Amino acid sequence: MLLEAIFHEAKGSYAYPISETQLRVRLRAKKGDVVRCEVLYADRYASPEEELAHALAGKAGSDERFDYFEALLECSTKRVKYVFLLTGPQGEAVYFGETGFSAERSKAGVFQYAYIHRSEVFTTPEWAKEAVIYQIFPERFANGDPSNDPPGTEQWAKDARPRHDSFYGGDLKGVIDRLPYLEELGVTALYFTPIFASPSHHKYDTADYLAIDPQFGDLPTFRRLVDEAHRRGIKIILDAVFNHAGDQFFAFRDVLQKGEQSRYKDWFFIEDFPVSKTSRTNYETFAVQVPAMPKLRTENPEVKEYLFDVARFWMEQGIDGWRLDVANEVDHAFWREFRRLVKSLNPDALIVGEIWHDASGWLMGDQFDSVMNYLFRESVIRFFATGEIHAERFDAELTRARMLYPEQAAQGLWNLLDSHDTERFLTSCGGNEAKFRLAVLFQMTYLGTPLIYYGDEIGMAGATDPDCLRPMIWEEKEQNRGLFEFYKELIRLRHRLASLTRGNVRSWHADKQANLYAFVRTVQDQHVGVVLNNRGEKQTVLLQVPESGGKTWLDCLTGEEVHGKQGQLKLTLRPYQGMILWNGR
């Protein structure tokens, strides 16, 4: 075995508590090097001669190059020291501890998790653990009030092909009028892109953090929406841009006018004075040279307090959470204090960040609850849409991503297929609904929070921005009601099957040849096996099913009953068919 490829650390994603007296521990090793992983542990102050407790670390998964083992240590003292005992293919017994590797336990030393503080157990909102989020781009969802429509508002038709500066009149009143549609779909939360006052079409350059943009509505209307949504079992999540403000931001306008004498000059990153000019910027902004988006100095206590007051104000309106853009460019102290503030005002308020790279630094439990799962989207696009990867690669990509963060974060990552900045997933599938449906079936049964992009549920298509921002199809005749019913059915199932929302994930089958992938979601005694035949061909597969997990299953989508024979389960799937097998527990 390659000892240099074995990894563990007593913190982060490899050692973390799931409760005050339970510590989850993970170990990584070159694929195939470790056949058995056991943990020997005890209280940190325990006598040397004392018998050590034992915990077997089952193989939680495997990616392209590594195997992952996971164990749970029961630590009534809330203090624990531990060493790993690894057995290789040849029965070699290797101990692994903080000191290193050795054939002798005492020489391997022990990893230590000094203390488990209840305040350090990663905790996320309970409602968020079984949610189905719906992303609404206000300008294009529903025009409920034509009196606030901006000049140039185009016709709201299905054949409408939006331009970069098009206007259709979508607003908050429109969302309220369409709540019965959303309730029928079964969504439990609405995620809105920026709706705060801004002079641009995208509103990522905030002019007033304390006002709804006039073209969308006013405060009285927002309140109505919050209340009407809540009485429908639908929460509201607002997108906040705290990394930078717009050039119309009161503080920035003051600096543009007074400059050196501006009381807010230190709220931004200004190189020289005058603070700006036409086509030229001497201050730090979002990305590169974006004058309309001056970066906010969140490290400045005054800036931090101002934004915290902004958060306070909107939460007072009854919102249920925040989605943060460019979160990775705001400091960690700001995020740690933001969480403290938000959770104190409402422990059920969700905090989601947008970070396009490993976000472990923000997912330890003291900052965000979760982030956008862009890895999930990439894997699903390549497997279901473009066919760039096969079932085994798909399996490896999902597993690797799953092991990135502590389970509390992974369980609530927002699993999106597309967004306001990408082409529609149906379009990624080249219009193939069969492929589209299999990806949705997977989305609704996989680990994480499903996120639906407005219109996808009724068959809307489109290229990336701005063609992905086409007017929502409200004409039932123009809607793909068959797909709508498909979404509805999957959502109902996810809510009834505890394992789909709170279960763990384990790969069941992965065949690169047949391109068939299966996994099992498990919660307590309940097992739900999802079988995906991602191939334009009717195929048969023989899955392993030990009697311990059951001998009979029910396909929740067809009502077909299947039985196992001698630890094997024979299944026949039609082109791109997906099965959701419930073990009756």
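Residue indices: 1-based, along the sequence shown.
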Hey, which bit's got the bigger mean C-alpha B factor in the entry, 456-464 or 111-119?
-> 456-464
Out of 148-156 and 177-185, which stretch has the higher average CA B-factor listed in the record?
-> 148-156
Quick one: which of 215, 135, 298, 445 has the biggest Cα B-factor according to the entry?
-> 215
For the listed residues 51, 67, 70, 43, which one has the largest C-alpha B-factor as given in the deposited model?
-> 51
Can you tell me which third, lowest, middle or highest, the CA B-factor of residue 38 falls into for its chain?
-> lowest
Mind checking which third residue 553 falls in for C-alpha B-factor across the chain?
-> highest
B-factor third for the C-alpha atom of residue 536 within its chain | highest
Can you tell me which third, lowest, middle or highest, the CA B-factor of residue 488 falls into for its chain?
-> lowest
Sorting the chain's modelled residues by C-alpha B-factor, tell me whether residue 575 ends up in the lowest, middle or highest third.
-> middle
